[PDB]
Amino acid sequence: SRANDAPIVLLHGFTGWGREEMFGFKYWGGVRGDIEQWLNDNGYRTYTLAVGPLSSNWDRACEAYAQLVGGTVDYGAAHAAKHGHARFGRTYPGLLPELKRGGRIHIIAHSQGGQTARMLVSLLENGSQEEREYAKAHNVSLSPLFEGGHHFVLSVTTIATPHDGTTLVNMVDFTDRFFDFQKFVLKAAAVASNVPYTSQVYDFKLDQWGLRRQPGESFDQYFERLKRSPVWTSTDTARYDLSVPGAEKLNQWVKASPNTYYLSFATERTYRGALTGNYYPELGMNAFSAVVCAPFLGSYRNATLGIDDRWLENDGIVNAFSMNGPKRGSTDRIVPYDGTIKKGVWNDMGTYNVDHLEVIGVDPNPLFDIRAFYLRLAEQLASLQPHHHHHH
């Protein structure tokens, strides 16, 4: 039973949006309903974050912080000068003002949101030495997020997160397919990609970059312009952070806080071929994944990059091997769940048979009791004890 009162905060990956976006079709729930609503009705206070889907984890984090405490998004002076984008972003009212008063939160994250959640914890706790130094050498102002000392997160839960990246980015035509993936997600919500909708619909929130869908332009047309923009061609991008090498760099500095609980959930929707060693998409896998991504992920090898047989099992988007926690270029410890949730370590909760999109309800799966999954997760989060008295 209940040991803490901390609210839950939901966070997406390389696709995602606000609750008011996509005509109310939820990222968290999809065709199965509204996950946040489910948790609230069952008494687990829950909120929802919406950050730039194609943005670097660093940008998201700066966005998350601000969206949480309120204020104007500060990407940090050293960071903005480094990558040529605006230092300042969109302003937010603050979902949880209580955070500045001593309160904590639980983050549940999907896909790339996992990387972001980890980074956010790091920045909250340690800040950025680079930013502090810059501020002092150029006499510029500094955001609190970079000063360290913030203790907002009691726990982080990751679901189908590419902690060590996804080999997907290695597809010869990754660029066009990744955008076809966005198009599929749009379709999933009954939204067309070839129609110049006047209403916002899907805000990619690229304020830092000066990018936005223009009037008369469909999603298909906007994606052609995004493809050639800095959010797809620079290192400060989700595209980079997504790669195996990118994930490893991020792992070099984004470490697990000894004051925070970490939970990992893995996904797979594949079967192994006996003659080839490869992995193939199961029945029921989202269409797109099954035709476009799955075959590549379950067959792609690269020994010079350390991609071997353990990397084949995938969930249609991300290699399963990458989900339990960051390992490549990491000092984080990963411990198998033995019935007891330990602090400052990745508690590997196992592997669940559902794809990348089914786990959040964007893709239908009648055999997966989604509500029960999230509810059981909320119960475990609530039982988390802030203080663990060392015993027999």
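Note that residue numbering begins at 1 and tracks the sequence as displayed.
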For this session: Between 155-163 and 211-219, point out the one with the higher average CA B-factor as the PDB entry records it.
Result: 211-219
For this session: Averaging the C-alpha B factors as listed in the entry, name the stretch that ends up higher: 141-149 or 98-106.
Result: 98-106
Exercise. Quick one: which of 203, 236, 133, 315 has the biggest Cα B-factor according to the entry?
Worked result: 133
Problem set entry | Residue with highest C-alpha B-factor in the PDB entry, from 347, 57, 67, 37 | 37
Problem set entry | Modelled-residue ranking by C-alpha temperature factor, third containing residue 227 | highest
Problem set entry | Third of the chain's Cα B-factor distribution that residue 9 belongs to, per the entry | lowest
For this session: Taking the values exactly as deposited, rank residue 82 by C-alpha B-factor within its chain and report the matching third: lowest, middle or highest.
Result: lowest
For this session: Report the third (lowest, middle or highest) to which the CA temperature factor of residue 332 belongs, ranking only the modelled residues of the same chain.
Result: highest
Problem set entry | Position of residue 340 among the chain's modelled residues by C-alpha B-factor, lowest, middle or highest third | highest
